[PDB]
Every structure is written in structure tokens, then in C-alpha cells.
């Protein structure tokens, strides 16, 4: 018997108000043939996890009595890295010591342990296995635990919609220092796409620019420069000199920033909106739609990879391999280790409150 902890809520609301910790049992002596028990290594806090709890994100786990509660309760967290502890008699795809992530969203990763079926999980190579496979790196816990949302988002937006000609064509993105933005710059470099990253001005601007360019952004401009009529010829020349075209815009900001990046595209451009900065709508001039054959659409990795296991698998495999081959780097998380002195839900509540400090990873 294993006693486990899970972070739950019985009603939607702010995490600081509605979260609690539930102790529950998992019978490791009574595994069904296709069942596996996993023990959590780490799980991050993403905006989507918080919005889910808040009741404003339309993909969420059902409230159930599964954790032995008095009322139906929902678990929390959609991504996480776990270690396989024990497998049932018919399980061949997993064995003890393997690393896994959930195969689907809404699994609930803010907890110490989970019992599921072997197909509720996708195997990642653990460091010993990457090493034995001759790879120069193994995945870190943070890499494994955040692999399933941000890296896939960047990869898919860049490859699944418009085909950019390698060595010629351009994408432009705002939120250039966001997690997805930094992955997009790296993947753009790997795919041989040119890119412009648009970022907020800041005091250490020269250093941030050099850092993004090392990641793979071809050019970096500020939002003031994006807005500036008089800075605008510089950008047209960049694209002209390359011999290609700006075909794709990635928007996670909205408002004036969305306008500014849309206007930099050539004719027949596509914008994908994958995020937003509160009550700031996507704002595009009428003339771009009518006279420049401009299209604006959305991206939501959750919906896209719903009923597309092959696309999910093959994208995941490439991201894993790139970490192993030293070709992709993650932003560092602030790690809080659960040792059992403080209620689990409180580590996550602190993480939520401290979101502006950086990506919060609760580790175990």
C-alpha cells in the first residue's frame, strides 16, 4: 500500500482560496494487468493550470470522488514528469525506473503518485538510457517536466501551418523573451528560418538582444521600434536582402503589438494567436485583410493534439532528441521541493503567487 497526496478543489475559484490536499491510497499489491504506478519527479505551474482551477479554461478534468472525498473534486496540473514504480503483469511498454509524462491533458500532475493504465503515459528516455544510447546529454527533470506544452507549441506553430523556405523566409513574433518565444528562436535556427523577435524595451537591452540572437533570432526589435513608422524601412530591407518573405506571425500579446507584427508580413501572410495579455484584443487593420490577403487564426496545442497521437509523438520525439543532442535549452525554473513538512497545495499556492519571479517547478 502506498499513501499519496493530491492537490484538489471542489469548486472553481482562485488557487489561494479553493485548493486543498487529499491523502489517498494506491494498492501496489493489487495492480490490474495493464496498470502502472508512477511517482512524481516534478510538475510545473503554467497559466493554463491556473485558469483551469479558476473555471475560465474550457478543457478541464472532471470532478470525481476518485480520491475518496466527500464531494466531487478535481485534481490540478496538466504537465509533469514521473518515474514508473511498478507495472502490471501484461505491461511491456514500461518498466520500473522509466521516465514518463501523461499521454493526455487533464491528468492531474500536482500530486505525489498516480495509478493509471500503461497508455495514460508516454515514455521519455531517462538519463541512464540516453547515456547508454550514446547521446551526449540526458534530459533534466525540468526539461522532462515542461516538455509537453511550450516546446511543442513553438515547434508546431513553426511547421504545421505555412511552409517557410529554409535559408530565405521569415517569421515574426512578439513576446520574444517568453518561454515559447525562446523555443521558437531556437527551433527557427534549427530549421534554418529567419526571424524577427519583438520584445519589450528593458534596461539590459543589449544583453537580452545578444542572448536571443545566440538562441537563434536573426533580428531583435523592441515594441517601440515595431510601432515606429520611421524604423519601418530597416525591416523591409532585412527581408529584401534575404531574398525571402515574412510569411508567419506569432502573436501572444494582442493590441498594438499584434497590429505592428501583422503589418510587417508580406502579402498572403498568416498570423497565429496562441496567447494574450489581459483584455487586449487582437487588432488588425482592415486593409491587411482586404488588400494583402492576410489571415489571422488561432493555436491551441491542447485542441490540435486532441485525436492526433502521431503528430504529438513525432513532435515530442524531435524535442527529446534535441535536448539529448544539446540543440535546445530550457529556461531555468525556480524549484520547490516537497519534503512533507508543508501541505502540498501550499507549495502550489506559493508558486501561483510567485509567478512573476519565473517558471515554478514543484519537485519531489
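Positions refer to the first chain, counted from 1.
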339 to 347 or 20 to 28, whichever carries the higher mean Cα B-factor: 339 to 347
Per the entry, higher mean C-alpha B factor between 178 to 186 and 243 to 251: 243 to 251
Maximum C-alpha temperature factor, selected from 277, 156, 94, 73: 277
Per the PDB entry, maximal CA B factor within 172, 84, 105, 191: 191
Ranked C-alpha temperature factor of residue 297 among modelled chain residues, by third: lowest
Chain thirds of CA B-factor: placement of residue 331: highest
Entry-reported Cα temperature factor of residue 113, expressed as the chain third it lands in: lowest
Assigned third (lowest, middle, highest) for the C-alpha B factor of residue 284: highest
Residue 98 - which third its CA temperature factor falls in, relative to the rest of the chain: lowest
